[PDB]
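In what follows, a single structure is set out as structure tokens and then discussed.
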Amino acid sequence: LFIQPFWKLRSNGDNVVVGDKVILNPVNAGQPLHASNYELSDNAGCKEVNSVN
Amino acid sequence: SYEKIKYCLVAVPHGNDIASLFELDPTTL
Amino acid sequence: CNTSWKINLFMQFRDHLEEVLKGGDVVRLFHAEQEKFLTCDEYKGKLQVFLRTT
């Protein structure tokens, strides 16, 4: 996974700081992780994490 | 308008008032 | 004449480094999120401060 800056403050080559916000892009998928709104039937109140724009 | 914001920025001729003092905080360590 | 030129101090030699935000320096306040420059301009008889779009 590539860790990329969600904020314009940080650029490539900078050091990540705890408490910030980042984007996780898989090397092969090339699509950032997304917390969809599709509730799982098996467990109530649980969404799904999928790799998509 | 108090919109969600309470105060708005504006230009003031005089500069000896205490309403023109601003502190700068860093974004990194 | 007999005038005396009192020499006040404004900045030291050590603080004149160009790698520092020095007092009296002139800069522009760029906005990273909106990618716009802060500006103040005369609009309708009263000066207003805003973020210009380009």
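Ordered as shown in the structure tokens, chains take letters A, B, and onward, while each chain numbers its residues from 1 and ligands are numbered from 1 in the order shown.
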Near chain A, which residues of chain B fall within 10 Å when you count only C-alpha atoms, and what do they look like as a PyMOL selection string? chain B and resi 27-29
Restrict the selected residues to N, CA, C and O atoms and save them as a compact mmCIF listing (two decimals), in the first residue's frame.
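The resulting selection-v7.txt:
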```txt
# COMPACT_ATOMS: atom_id res chain seq x y z
N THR B 27 1.87 23.52 11.28
CA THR B 27 1.13 22.35 10.82
C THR B 27 1.91 21.06 10.99
O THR B 27 1.31 19.98 10.93
N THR B 28 3.23 21.14 11.19
CA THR B 28 4.05 19.97 11.45
C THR B 28 4.78 20.15 12.78
O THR B 28 4.54 21.13 13.49
N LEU B 29 5.66 19.22 13.12
CA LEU B 29 6.45 19.32 14.34
C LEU B 29 7.74 20.06 14.05
O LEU B 29 8.35 19.87 12.99
```
Name all residues at most 12 Å from residue A:1 (count only C-alpha atoms; drop same-chain ones fewer than 5 positions away) and give them as number ranges by chain. A: 22-33, 51
Go ahead and save the picked residues with C-alpha atoms, as an mmCIF file, in the first residue's frame.
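Written out: selection-v2.cif:
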```cif
data_model
loop_
_atom_site.group_PDB
_atom_site.id
_atom_site.type_symbol
_atom_site.label_atom_id
_atom_site.label_comp_id
_atom_site.auth_asym_id
_atom_site.auth_seq_id
_atom_site.Cartn_x
_atom_site.Cartn_y
_atom_site.Cartn_z
ATOM 1 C CA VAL A 22 -3.760 10.015 4.538
ATOM 2 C CA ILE A 23 -4.943 7.869 1.629
ATOM 3 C CA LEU A 24 -4.080 4.178 1.228
ATOM 4 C CA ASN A 25 -3.663 3.146 -2.417
ATOM 5 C CA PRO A 26 -2.790 -0.533 -3.031
ATOM 6 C CA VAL A 27 0.206 -1.104 -5.283
ATOM 7 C CA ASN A 28 -1.658 -3.348 -7.730
ATOM 8 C CA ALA A 29 -5.267 -2.181 -7.383
ATOM 9 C CA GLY A 30 -4.430 1.503 -7.733
ATOM 10 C CA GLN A 31 -7.783 2.326 -6.113
ATOM 11 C CA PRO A 32 -7.991 3.898 -2.631
ATOM 12 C CA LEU A 33 -9.713 2.046 0.179
ATOM 13 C CA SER A 51 -10.874 -0.842 -2.934
#
```
At a cut-off of 8 Å, which residues of chain B touch chain C? Count only C-alpha atoms and give the answer as a PyMOL selection string. chain B and resi 9-11
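In terms of minimum interatomic distance to chain A, C:34 ranks closest within C:19, C:25, C:5, C:34, counting only C-alpha atoms.
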Using atom CA of residue B:24 and atom CA of residue C:51 as the two end points, give the distance in Å to one decimal. 19.3 Å
Using only C-alpha atoms, find the one residue out of C:16, C:22, C:6, C:31 that sits nearest to chain A. C:31
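Interatomic distance, atom CA of residue B:12 to atom CA of residue C:32: 25.5 Å.
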Run DSSP on the backbone and give me the residues of chain C it puts in strand (DSSP E or B), as a PDB file with N, CA and C atoms, in the first residue's frame.
```pdb
ATOM      1  N   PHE C  30      -0.983  32.255   0.573  1.00  0.00           N
ATOM      2  CA  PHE C  30      -1.611  31.303  -0.330  1.00  0.00           C
ATOM      3  C   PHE C  30      -2.424  30.287   0.463  1.00  0.00           C
ATOM      4  N   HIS C  31      -3.591  29.929  -0.062  1.00  0.00           N
ATOM      5  CA  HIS C  31      -4.454  28.931   0.559  1.00  0.00           C
ATOM      6  C   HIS C  31      -4.241  27.596  -0.142  1.00  0.00           C
ATOM      7  N   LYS C  36      -5.863  29.454  -3.713  1.00  0.00           N
ATOM      8  CA  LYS C  36      -6.181  30.836  -4.041  1.00  0.00           C
ATOM      9  C   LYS C  36      -5.372  31.763  -3.145  1.00  0.00           C
ATOM     10  N   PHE C  37      -5.183  32.993  -3.617  1.00  0.00           N
ATOM     11  CA  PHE C  37      -4.385  33.996  -2.923  1.00  0.00           C
ATOM     12  C   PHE C  37      -5.297  34.962  -2.180  1.00  0.00           C
ATOM     13  N   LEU C  38      -4.970  35.226  -0.918  1.00  0.00           N
ATOM     14  CA  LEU C  38      -5.724  36.193  -0.133  1.00  0.00           C
ATOM     15  C   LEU C  38      -5.500  37.596  -0.681  1.00  0.00           C
ATOM     16  N   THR C  39      -6.582  38.366  -0.784  1.00  0.00           N
ATOM     17  CA  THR C  39      -6.531  39.678  -1.411  1.00  0.00           C
ATOM     18  C   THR C  39      -7.484  40.622  -0.691  1.00  0.00           C
ATOM     19  N   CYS C  40      -7.153  41.911  -0.734  1.00  0.00           N
ATOM     20  CA  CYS C  40      -8.016  42.972  -0.234  1.00  0.00           C
ATOM     21  C   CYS C  40      -8.178  44.011  -1.333  1.00  0.00           C
ATOM     22  N   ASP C  41      -9.420  44.411  -1.598  1.00  0.00           N
ATOM     23  CA  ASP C  41      -9.699  45.277  -2.735  1.00  0.00           C
ATOM     24  C   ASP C  41     -10.911  46.148  -2.437  1.00  0.00           C
ATOM     25  N   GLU C  42     -10.960  47.293  -3.114  1.00  0.00           N
ATOM     26  CA  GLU C  42     -12.098  48.202  -3.059  1.00  0.00           C
ATOM     27  C   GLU C  42     -13.204  47.662  -3.958  1.00  0.00           C
ATOM     28  N   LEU C  47     -13.364  48.791   1.529  1.00  0.00           N
ATOM     29  CA  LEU C  47     -12.387  47.752   1.238  1.00  0.00           C
ATOM     30  C   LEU C  47     -12.815  46.435   1.871  1.00  0.00           C
ATOM     31  N   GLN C  48     -12.651  45.348   1.121  1.00  0.00           N
ATOM     32  CA  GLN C  48     -13.051  44.021   1.562  1.00  0.00           C
ATOM     33  C   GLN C  48     -11.913  43.039   1.338  1.00  0.00           C
ATOM     34  N   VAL C  49     -11.752  42.115   2.282  1.00  0.00           N
ATOM     35  CA  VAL C  49     -10.744  41.063   2.206  1.00  0.00           C
ATOM     36  C   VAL C  49     -11.441  39.764   1.831  1.00  0.00           C
ATOM     37  N   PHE C  50     -10.887  39.054   0.854  1.00  0.00           N
ATOM     38  CA  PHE C  50     -11.527  37.866   0.306  1.00  0.00           C
ATOM     39  C   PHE C  50     -10.453  36.962  -0.290  1.00  0.00           C
ATOM     40  N   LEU C  51     -10.896  35.881  -0.930  1.00  0.00           N
ATOM     41  CA  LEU C  51     -10.026  34.925  -1.607  1.00  0.00           C
ATOM     42  C   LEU C  51     -10.398  34.932  -3.084  1.00  0.00           C
TER      43      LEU C  51
END
```
Calculated over only C-alpha atoms, which of the candidates C:9, C:20, C:54, C:15 has the smallest distance to residue C:35? C:54
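Residue nearest chain A, chosen from C:33, C:27, C:21, C:10 and counting only C-alpha atoms: C:33.
Atom CA of residue B:14 is found 24.1 Å from atom CA of residue C:11.
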Might you pull out every residue within 12 Å of stretch 11-13 of chain A, with only C-alpha atoms counted and same-chain residues fewer than 4 positions away left off, and present them as an MDAnalysis selection string? (chainID A and resid 2:7 22) or (chainID C and resid 32)
